[PDB]
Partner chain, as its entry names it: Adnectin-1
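Coming up is one lone chain in structure tokens, specifically the form deposited without its partner chain.
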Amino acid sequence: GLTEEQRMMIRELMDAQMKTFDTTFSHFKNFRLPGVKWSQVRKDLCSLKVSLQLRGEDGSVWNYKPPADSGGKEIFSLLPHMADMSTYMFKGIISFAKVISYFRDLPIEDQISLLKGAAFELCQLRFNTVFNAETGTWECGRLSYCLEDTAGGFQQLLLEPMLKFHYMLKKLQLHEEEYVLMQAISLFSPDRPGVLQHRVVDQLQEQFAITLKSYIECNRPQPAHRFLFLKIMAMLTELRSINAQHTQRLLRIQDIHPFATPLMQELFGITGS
């Protein structure tokens, strides 16, 4: 059974989620779109291929198909747009954290250290709820990002850590409550660089984890859900690892071809000097 403290915990989390997660992306607009040595490393984009579809509120449909690597620039045509999508998502994530009392009560410095450390992770957790594993497309309201099929299909795509992460998590068929608790556990990570009240954060995280484990125990008796709590924690550990690698990937691209917005710069620690 769920204690009163646990029920209020989930409620506050769900309330924060509904108030700050624009699931239809209706407020995402004015975004940029692709025009009408260290480079070899920059080839990180390779493991990425997504077409973009924009459905007009009038019935019209714009569809974009990316180019192929053949020289230079070309592979950076989608960065501005993605930087804008990232920024929109980050704003929603920052808002999520701020409305939560457990977060508001932490020192302003720790709130920042926690947000810079978990923003990417929280964004992926939200993106997974709009991911369609049948069609391999993230349905963001009137925008859709579909994976461009190639060489070997599904098995070939799961080789990309982030993609395998999205399919695996989606396969667990989690409830809204379990997703928001995953966001909390990720947000309240006592082991982020720059955290002072690591003692309080650690205890808060354990409470969220305990609440999740109990939620699962109380509402998922099916044999298919055995070890679900542990599977979820392993996924969060994996997401943290994916976070570190993608940050390094982003910084390398940023160094050669700047695109990070001011908010992204803030979150990634870029000073502007």
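Numbering follows the first chain given and starts at 1. Think of the rigid core as the biggest set of C-alphas that the two forms share within 1.5 Å after superposition.
The same protein has a further form, the form solved in complex with its partner chain, not shown here; the description that follows concerns it.
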By the heavy atom within 4.5 Å rule, which residue out of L157, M85, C146, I94 makes contact with its partner chain in the deposited bound form? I94
Looking at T137, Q111, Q197, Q124 here, can you tell me which has any non-hydrogen atom within 4.5 angstroms of its partner chain in the deposited bound form? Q111
Whether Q254 contacts its partner chain in the deposited bound form should be assessed with a 4.5 Å heavy atom distance threshold; does it? no
So in the deposited bound form, does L163 come within 4.5 Å of its partner chain, heavy atom to heavy atom? no
Considering non-hydrogen atoms and a 4.5 Å limit, does its partner chain approach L263 in the deposited bound form? yes
Look up in the deposited bound form whether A133 has a non-hydrogen atom within 4.5 angstroms of its partner chain, and give yes or no. no
Just give me the residues of 98-115, first to last, that have a heavy atom within 4.5 Å of its partner chain in the deposited bound form. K98, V99, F103, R104, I108, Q111, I112, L115
Just one entry of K65, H27, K43, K231 has its C-alpha move 2 Å or more between the shown form and the other one under rigid core superposition, and it is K43
Residue pair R42, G136 - Cα distance in the deposited bound form, closer or farther (3 Å or more): closer
